[PDB]
Amino acid sequence: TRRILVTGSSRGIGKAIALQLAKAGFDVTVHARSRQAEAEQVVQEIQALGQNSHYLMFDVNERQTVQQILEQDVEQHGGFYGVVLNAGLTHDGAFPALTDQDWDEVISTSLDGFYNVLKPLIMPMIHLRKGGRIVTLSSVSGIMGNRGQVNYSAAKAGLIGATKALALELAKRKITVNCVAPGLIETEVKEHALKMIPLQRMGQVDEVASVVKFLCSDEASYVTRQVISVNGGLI
Amino acid sequence: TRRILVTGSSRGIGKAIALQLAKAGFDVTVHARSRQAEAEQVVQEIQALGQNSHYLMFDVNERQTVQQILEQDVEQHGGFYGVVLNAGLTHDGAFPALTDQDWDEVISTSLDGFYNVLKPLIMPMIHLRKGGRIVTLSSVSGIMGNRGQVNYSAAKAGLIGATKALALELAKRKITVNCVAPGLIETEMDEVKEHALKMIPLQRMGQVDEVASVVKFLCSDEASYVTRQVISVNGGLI
Amino acid sequence: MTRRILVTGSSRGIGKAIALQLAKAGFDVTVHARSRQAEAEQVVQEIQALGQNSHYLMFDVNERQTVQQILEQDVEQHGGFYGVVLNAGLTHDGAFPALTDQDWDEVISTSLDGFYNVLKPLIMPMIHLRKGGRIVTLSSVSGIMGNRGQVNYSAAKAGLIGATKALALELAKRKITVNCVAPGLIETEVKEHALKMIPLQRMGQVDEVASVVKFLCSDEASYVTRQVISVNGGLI
Amino acid sequence: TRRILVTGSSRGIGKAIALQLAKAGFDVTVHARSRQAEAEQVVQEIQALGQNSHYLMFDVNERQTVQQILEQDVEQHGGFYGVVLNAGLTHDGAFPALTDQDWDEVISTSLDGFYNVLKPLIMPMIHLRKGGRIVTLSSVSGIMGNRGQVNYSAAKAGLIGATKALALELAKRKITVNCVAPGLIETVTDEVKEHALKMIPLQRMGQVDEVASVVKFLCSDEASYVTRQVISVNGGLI
Ligand SMILES: NC(=O)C1=CN([C@@H]2O[C@H](COP(=O)(O)OP(=O)(O)OC[C@H]3O[C@@H](n4cnc5c(N)ncnc54)[C@H](OP(=O)(O)O)[C@@H]3O)[C@@H](O)[C@H]2O)C=CC1
Ligand SMILES: NC(=O)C1=CN([C@@H]2O[C@H](COP(=O)(O)OP(=O)(O)OC[C@H]3O[C@@H](n4cnc5c(N)ncnc54)[C@H](OP(=O)(O)O)[C@@H]3O)[C@@H](O)[C@H]2O)C=CC1
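Asks: Can you explain the site of ligand 2? Please cite residues and give values.
Replies: All names here are of chain C. Near ligand 2 you find 28 residues, and of these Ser-11, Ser-35, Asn-87, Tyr-153 and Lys-157 are the closest. Note that an oxygen atom of ligand 2 is positioned 2.5 Å from one of the side-chain N or O atoms of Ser-11. Against a free-state accessible area of 880 Å², the protein chains account for coverage of 87% of ligand 2. Each residue belonging to the shell around ligand 2 can be placed in one class, and the counts come to nine nonpolar, 14 polar and five charged.

Laid out in structure tokens, this is it:
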């Protein structure tokens, strides 16, 4: 059974992605950085849906640790057919007010996390000889920029550049590589949503997960190199 | 049962869209300009799947005829929950070589067609009080341009602008409005297969169902937060 | 002989500012208007006082055969145009259900019929100069992103972008660059809405748009083609 | 006189930018990582053009060293009115074949370089109370991605997002912030020349001044309503 890894799937959008993929019939490996009990709960819910699941715990920034965990996981359970890079991080503030840690942790969590998670997994995916699916989670801010988020905008835009480049490299292997860029998602804010978003509301996590689930499906086999915005018309 | 009109659904991409929407559980109205026998065949295939279906024949450029046919159809069968504007036209040629007919017929079929079909249908859709779905079919050419296709590029680009603007107007009524922009799709048919191997990252033309599946997803209840978008289904071309 | 540029809709507004800047850059500039002949002649006088040759042409860009006859005769008398700026445009705003047939048709055709009707008689005279060339279309932020009450105008301005990009591909081998300038909200004749919605907190001035067109028409912009350049104060 | 810092301006695109800005009437501070003699030659050319100039030497990745050099320079010569961030590095290779150094050096040179150079300079620019100009140099690869360049594409795409976000924060100060994305620029074998002939609509690589002229326009007073933009100078590539 084809297996998909979803980073940051203990709660929020990542959890909703993991559950939709399980309902689609994929085996789903859960992941979290520190919330082991939440990850275990999602694992139980996936197993209740009739699919195999377990969790892995790592900070996507710990390069050598992520490699050891993923290589051991692929040896024990086979290569991943799909990977969803969902875990991200914000440290908001005006650009001259950002600290070094504000900047570095935000950039690396996205861009080093891309390298650290996917580099060990590309050849095991290719070796399944059945195509594959990679989906990254960016943001409206990675497309357009946002005040107080020069670091987050850079990180999520860089994720887009990496995703499009990787799509070109993996296309001949029938592996599609796409990005989903959510808008404002519910995880006086309702008044801002009423005023600024054409649909007049924040998105729900399943409205994002549905797009990821579609891209991971066999039906989406001619969609690659794309950034798909799920943002209620914001841009 | 929610009903969806698919223009140009007698064959090709539009037929695949129509069959996929029927399989998702929509009643589907088939449309063609002149190929009535193929339209009748698609209607029968949709009926055989367990959904209601009939066909409408019109040229989308005949503004007053289209209005009369659609108003009578809505009177008889209720408002459309969805409209997929798939019917299109090319007349390729270098810009100095294009004739008036080459230019006018390509621009109008996309832009007159958008107006002529949607204008009679907006209020019947809103009156359903359950949201709605509008999907237009553009092209990679409407995003980036293409040699020999200044007319088609303008026509398909103009469809993107109209789609995005209408998305803004209809969002408060829970009607999403999106565009699907295919790349090179195999609709039938050695040179064009080698051209696909070199130019397209996936190294092949797309199949009609690979376009129809994206349209089907956008028409589904699960795509309720996607609007104002151009979704490219092009094998990585751009 | 001096390179000559046609600016449609240059009797007033953005098109006038474009014509004056192109004259100051040393082009001969031909002024055009649909009906405001007195204003066209005043722009011609200013271009002449600026030191360049100028005259005006009057036509509705939708009158395909009349446009063809006027442009053919003008090129016969004065030579091919090195540049063409398609600036003249038209809005008929309103919610989509409120638009009349005329609201829709006049807006679509003024941009897309105008593109075809003005450029078809001029492309070969431009190519036959054998010195490259410049074509610039005026779109809008609405043609990129859409705007409420402007389904017709967004379609018209987005269609212009597609035409521009495709023609850039066809003409690149002749060293004719083809680009689009997409202004945001420009002051030509609300002020509080500008302060709230535009990062620069103000409307643009006509010369801020004209400066981009002038730059694209310059010899220095020889490697820029197929582009949509937004002049919008940060709006998108 | 308004002063502009151009990073990596001892040769190539950066040198062409520095010279064009001096001819436009700006004082221009040259920069290089190690090529000290080349930097001094550019300084002398700018002085001969009639503007004030000197050079600064640093690796944009050396965060605290850059901060100390720039703080001292602003102390001695005043805040910069403009900054042109020309800081990039490639380490090409198939993605699963990239080393840690291939990845990290490319990401950091662009994104650490943005932070390390611009953070010390934002407040001194604002304190001029005269507006300002920031231009970053990206690449067509940062817009569409490129095979063998997952690292460079991510680096150059991250620069675009940082630039757009910073444009939003500084717009109220009349500081415009824009990105220039060159295509293939002649900075050449027979193979490279032939690949330019076929991929690029203009059928040639760009020259350094064709890029510098766009930077120079953006830095001019006339470009005062252009901000948050990525302007591609690529011969029609995309
Ligand atoms: N095929 C491709 O590679 C690509 C296609 N597209 C777009 O996808 C859509 C479908 O592509 P394709 O499958 O080629 O279908 P076509 O674009 O070939 O149009 C075929 C359908 O449109 C109908 N049609 C054509 N002109 C009119 C008109 N004036 N009034 C009413 N109906 C009309 C035809 O009716 P009849 O059967 O009676 O002739 C037929 O049902 C089009 O919008 C096309 O531009 C975009 C990118 C690539
Ligand atoms: N002003 C703004 O805020 C913005 C404008 N734009 C675009 O910039 C361009 C100029 O804008 P603006 O300065 O407002 O001027 P307009 O767009 O109102 O066009 C005015 C000029 O176009 C001419 N014109 C109008 N219709 C026709 C026609 N059918 N045939 C021939 N000439 C015609 C007028 O001629 P006469 O003088 O005889 O009437 C006048 O010279 C347009 O393309 C517009 O869409 C885009 C974004 C914002």
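Having put the structure on the table, let's press on.
Asks: Please provide a residue-by-residue account of the interface of chain B and chain C, values included.
Replies: Every contact between the two is made by 40 residues of chain B and, on the other side, 40 residues of chain C. With both sides pooled, the region where chain B packs onto chain C buries about 3,300 Å², and carbon together with sulfur makes up 60% of that total. Among the residues of chain B in contact with chain C, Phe-95, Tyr-115 and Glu-169 of chain B are the three that bury the most area, contributing 20% of the side total. If you look at where chain B meets chain C, you find four salt bridges. With a closest N to O distance of 2.8 Å, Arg-64 of chain C and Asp-104 of chain B form a salt bridge. The tally of links between chain B and chain C comes to 23 residue pairs in polar contact. Taken together, the elements giving at least two residues each to the side of chain B that touches chain C come down to α3 (63-77), α4 (100-118), α6 (140-144) and α7 (150-170) of chain B. The biggest single contributor to the side of chain B that touches chain C is α7 of chain B, with 12 residues.

Asks: Could you give an account of the packing of aromatic side chains, naming the residues involved and the relevant values?
Replies: Within this structure, the stated rule accounts for 26 aromatic pairs over all chains. Ring geometry for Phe-95 of chain B versus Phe-115 of chain C: centroids 5.9 Å apart, planes at 80°, classification edge-to-face. Here the residue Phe-95 of chain B occupies a position in the loop between β4 (82-85) and α4, and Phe-115 of chain C occupies one in helix α4 (residues 101-127), the pair thus bridging two chains. A residue is classified by how much of its surface remains accessible, and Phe-95 of chain B, at 1% relative accessible area, is buried. By relative accessible area, which is 1% here, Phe-115 of chain C ends up buried.

Asks: Tell me about the nonpolar core, and name the residues and values.
Replies: Core analysis: the biggest nonpolar cluster contains 81 residues, and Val-84 of chain A together with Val-84 of chain B have the highest contact counts within it. Sort the elements by how many residues they give to this core and helix α9 (residues 208-219) of chain B lands first, with eight residues. Excluding residues within four positions of it along the chain, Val-84 of chain A makes contact with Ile-4, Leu-5, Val-6, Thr-7, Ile-17, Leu-21, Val-135, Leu-137, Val-212 and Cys-216 of chain A.

Asks: I'd love a proper account of the pattern of salt bridges, names of residues and values included.
Replies: All chains considered together, the criterion is met by 31 salt bridges over all chains. Notably, a salt bridge pairs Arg-63 of chain B with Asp-101 of chain C, separated by 3.7 Å at the nearest N-O pair. Of this pair, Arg-63 of chain B sits in helix α3 while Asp-101 of chain C sits in helix α4, each in a different chain. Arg-63 of chain B gets classed as buried once you look at its relative accessible area, which sits at 14%. Residue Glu-210 of chain D is joined to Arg-204 of chain D by a salt bridge in which the shortest nitrogen-to-oxygen separation is 2.7 Å. Looking at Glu-210 of chain D, the relative accessible area reads 8%, which means it is buried. Assessed through its relative accessible area of 31%, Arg-204 of chain D is described here as partly exposed. When salt bridges with common partners are traced through the structure, they connect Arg-63 and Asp-112 of chain B together with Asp-101 and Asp-105 of chain C into a single cluster.

Definitions and limits used
Residues numbered from 1 in each chain as written, not as in the entry; some residues may be left out. Chains lettered and ligands numbered in written order. Heavy atoms only, no water. Near = heavy atom within 4 Å. Polar contact = N/O pair within 3.5 Å; in protein donor to acceptor, adjacent residues only side chain to side chain. Areas by Shrake-Rupley, 256 points an atom, 1.4 Å probe, with all protein chains shown as cover. Nonpolar A, V, L, I, M, F, W, Y, C, P; charged D, E, K, R; others polar. Contact = heavy atoms within 4.5 Å. Buried area = accessible area lost by both parts, 1.4 Å probe. Salt bridge = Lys/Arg side-chain N within 4 Å of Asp/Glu carboxyl O. Helix = DSSP H or I, 4+ residues; strand = E, 2+ residues; numbered from the N terminus. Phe/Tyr/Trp six-rings, centres within 6.5 Å; stacked < 30°, edge-to-face > 60°. Buried < 20%, exposed > 50% of the residue type's maximum accessible area, 1.4 Å probe, protein only. Core = buried A, V, L, I, M, F, W, Y, C linked by side-chain atoms within 4.5 Å.

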